[PDB]
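Order of the sequence lines fixes the chain letters, A, B, ..., with proteins taken first and strands second; residue numbering starts at 1 for each chain. When reading the values below, keep in mind they use all heavy atoms of this one structure, side chains included, and skip hydrogens, waters and symmetry mates. Atoms within a ligand are numbered from 1 in the order they appear, just like the ligands themselves.
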2 protein chains.
Amino acid sequence: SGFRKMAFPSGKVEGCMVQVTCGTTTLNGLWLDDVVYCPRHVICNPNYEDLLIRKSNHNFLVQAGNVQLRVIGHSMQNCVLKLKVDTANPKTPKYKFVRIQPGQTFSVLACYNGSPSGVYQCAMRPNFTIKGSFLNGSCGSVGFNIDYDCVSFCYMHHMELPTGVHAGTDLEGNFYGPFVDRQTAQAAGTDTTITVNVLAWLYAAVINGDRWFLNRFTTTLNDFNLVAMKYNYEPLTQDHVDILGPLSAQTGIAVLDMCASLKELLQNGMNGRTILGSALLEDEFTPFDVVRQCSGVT
Amino acid sequence: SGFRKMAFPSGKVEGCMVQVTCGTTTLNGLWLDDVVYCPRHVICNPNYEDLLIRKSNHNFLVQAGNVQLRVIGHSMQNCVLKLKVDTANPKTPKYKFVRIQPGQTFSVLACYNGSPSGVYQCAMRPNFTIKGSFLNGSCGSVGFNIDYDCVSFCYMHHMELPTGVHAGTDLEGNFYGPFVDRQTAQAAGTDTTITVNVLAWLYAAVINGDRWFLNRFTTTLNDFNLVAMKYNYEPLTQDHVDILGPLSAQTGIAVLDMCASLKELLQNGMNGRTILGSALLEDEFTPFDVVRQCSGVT
Ligand SMILES: N#Cc1ccccc1C[C@@H](N)C(=O)N[C@H](Cc1ccc(Cl)cc1Cl)C(=O)N[C@H](CC(=O)NCCCCN1CCCC1)Cc1ccc(F)cc1
Ligand SMILES: N#Cc1ccccc1C[C@@H](N)C(=O)N[C@H](Cc1ccc(Cl)cc1Cl)C(=O)N[C@H](CC(=O)NCCCCN1CCCC1)Cc1ccc(F)cc1
């Protein structure tokens, strides 16, 4: 029993974190085989191609623990700098680089000076920011998921926006969202609530033994989405209904039946009650996160 | 900016998790140097001394990854079984065993069949349970804190109570709370809210840039505790006031000034507002957790 925000065990990523210094700029890098990946703004409205052509391999100081790694080559891929080093990381896990969709979750290993400090779960918001916890020196920290000892890296942290939320790239250096890597005040689009995740979390609550929010009503998909629009929820698609199939089958509660519960919760509030220890509707658990953590029997 | 429930990086503990099997009972163990620690109920109203004297070293099957470890000795310390193995764990971190006080927090590495599955933060509740997330097979999972690469183990998981909360021991096998390791329905005492942690979390909110809940009033310690009793909060001691000193100094808000805010929040609710993304008052962040994660400048 129970339900917590749960991160993946971080050890496979801890062994890859290094420190990258250029001039007086120091941030984190990711050491996989004989390449270190880090935000290209370590070399700093900039012209990065002009700035990088003025660089030499010996301008980059890469430190793994108390060992200095020698840079033997460098290149830029979109917004990530790639530093070839003379030593392959002996702790490289099996890994992939993946670009995720909004609404998906991942674990963040927050790092400072190449040293891991903590791990927590994030969701990619519909507006392509994350609501992280990051201080100065955290840039280059990565987000990841793990499946059968393969690490799928999906996020590298690049900047905190003026609103205090966070923006970054995939590990091939492409930003999520419309952002660019320059120190200008940039604004994200208006955010929305991840409806399919809220529904997954309601199923988690039922699996854990809580039913107070259920009702005898059902709704059509179209009528539910009219309420969704009113409360700044993302539209629920038939694909979302399909992905909730397994949780619906396990609990015996049809998806559109759970939508009628969510509709009632949106229109009336919780009236002083909690769900899985929360007084608001939680949207940073995917259906996959629920299946991963909750019992396979209700 | 930001504030998340943040676990310690788990890699140093991941390298210590093993599987212990006796008969048809399998749970997790902790492999440090040449000793494996696990809940003694793996050998199962039992008489453990009588049950253990009937055991042989070869009755214990210890598996680290896909490698079997040979047990060369066994003993019982309170409610933990200690299995001497023929191989010292080459990944043993620097470590200590510590017994924590209620109100303190720790990271839990949830494990199944000796394989880590996820990491999350817990607090030891005033009634000596934890509100964990655990399924069948999780017993033997451990809780820990990390300071400068030393792992302080403080919890080993032994059982889920009928209410769905969790009970366990320190790593020397002494239960937290009044519980015993037998499969009987046991009840915890009534729980209370960890007042000093709620205050720490309000300071976290101020550091992060949120002030809406402050007021111009102060309170005496005695008058605050009269309100605390009314709302099932733990009494605030002068020691608690002292430990909040650093956060009070950083924010410029006297502790008894923040108590007046908490009093107003308890008596009036939040009136539709949130604090650090929560619609209820959070009590599983210690003052230390706040200093660790939040900026050192407001
Ligand atoms: N992570 C992180 C991090 C955090 C702090 C310092 C440094 C870092 C890492 C650090 N690497 C980092 O991100 N630095 C960026 C500056 C930067 C550097 C390289 C690039 Cl390529 C792009 C950017 Cl942009 C940074 O300094 N952002 C600040 C951070 C800030 O003040 N938050 C206050 C919000 C308060 C929110 N308020 C609270 C209540 C209401 C709102 C907001 C900002 C201001 C002006 C701008 F022009 C652009 C951005
Ligand atoms: N972790 C864990 C875990 C979880 C499940 C299975 C197995 C394990 C690990 C597993 N190792 C474990 O703990 N097993 C214990 C049984 C046990 C074994 C060795 C010892 Cl020495 C002591 C105990 Cl006691 C266990 O089966 N507890 C159940 C678990 C249970 O049904 N929760 C339902 C609560 C629903 C809560 N409701 C929801 C809404 C309202 C309340 C509650 C219980 C029932 C009767 C008793 F006599 C004592 C305890």
Subject >> Atom indices of ligand 2, in the order listed, that fall short of 4.0 Å to a heavy atom of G209(A) >> reply: 39 (C)
**OP:** Using modelled atom types only, decide if a donor and an acceptor are shared between the side chain of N28(A) and the backbone of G114(A) within a distance under 3.5 Å.
**Re:** yes
Original post:
Would you say atom 40 (C) of ligand 1 has a protein heavy atom nearer than 4.0 Å?
Top reply: no
Subject >> Identity and distance of the protein heavy atom lying nearest atom 34 (C) of ligand 1 >> reply: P162(A) O, 3.3 Å
**OP:** Give a yes or no on whether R182(B) atom CZ has more than 12 heavy-atom contacts from other residues, nucleotides or ligands under 6.0 Å away.
**Re:** no
Original post:
Parallel, tilted or perpendicular: which describes the rings of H166(A) and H157(A), with under 30° parallel and over 60° perpendicular?
Top reply: perpendicular
Original post:
Of the protein's non-hydrogen atoms, which lies at the shortest distance from atom 48 (C) of ligand 1, and what is that distance?
Top reply: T184(A) O, 3.7 Å
**OP:** For ligand 1, indicate whether the residue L135(A) contacts it via side chain, backbone, both or neither (heavy-atom separation under 4.0 Å).
**Re:** backbone
Subject >> Per-atom contacts of ligand 1 with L161(A), taking only distances under 4.0 Å to non-hydrogen atoms >> reply: 42 (C)
**OP:** Please identify which atoms of ligand 2 are closer than 4.0 Å to at least one heavy atom of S138(B).
**Re:** 1 (N), 2 (C)
**OP:** With atom 5 (C) of ligand 1 as the reference point, say which of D181(A), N136(A), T163(A) has the nearest heavy atom.
**Re:** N136(A)
Original post:
Quick one: does NZ or CZ of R99(A) land under 6.0 Å from the six-membered ring centre of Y176(A), within 45 degrees of the ring axis?
Top reply: yes
**OP:** Report yes or no: does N208(B) contribute a side-chain atom to a donor-acceptor pair with the main-chain N or O of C294(B) at less than 3.5 Å?
**Re:** no
Original post:
Parallel under 30°, tilted from 30 to 60°, perpendicular over 60°: which one fits the rings of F3(B) and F285(B)?
Top reply: tilted
**OP:** For atom 22 (C) of ligand 2, state which one of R182(B), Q186(B), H41(B), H166(B) supplies the nearest heavy atom.
**Re:** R182(B)
Subject >> Is_contact(atom 31 (O) of ligand 1), protein non-hydrogen, under 4.0 Å >> reply: no
Original post:
Is a side-chain N or O of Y155(A) found less than 3.5 angstrom from the main chain of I130(A), in a donor-acceptor match?
Top reply: no
Original post:
Just by modelled atom types, is the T192(A) backbone N or O under 3.5 Å from a matching donor or acceptor in the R125(A) side chain?
Top reply: yes
**OP:** Would you check the N or O atoms of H157(A), main chain and side chain alike, for any that come under 3.5 Å of an N or O of ligand 1?
**Re:** yes
**OP:** Might you check, step by step, whether the distance between atom 13 (O) of ligand 2 and some protein heavy atom is under 4.0 Å?
**Re:** yes
Original post:
How about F153(B) and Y37(B): are their ring centres within less than 6.0 Å of each other?
Top reply: no
Original post:
Would a search of protein heavy atoms around atom 27 (N) of ligand 1 find one under 4.0 Å away?
Top reply: yes
Original post:
Just checking, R4(A) and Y120(B): is the charged tip under 6.0 Å from the six-membered ring centre and within 45° of the axis?
Top reply: no
**OP:** For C139(A), take its heavy atoms, then give the atoms of ligand 1 lying under 4.0 Å from any of them.
**Re:** 9 (C), 10 (C), 11 (N), 13 (O)
Original post:
Out of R40(A), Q183(A), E160(A), whose heavy atom is nearest to atom 16 (C) of ligand 1?
Top reply: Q183(A)
Original post:
Counting heavy atoms only, which part of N208(B) comes closer than 4.0 Å to ligand 1: side chain, backbone, both or neither?
Top reply: backbone
Subject >> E284(A) bridged to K131(A) by N-O distance under 4.0 Å >> reply: no
Subject >> Distance flag for atom 45 (C) of ligand 1, protein heavy atom under 4.0 Å >> reply: no
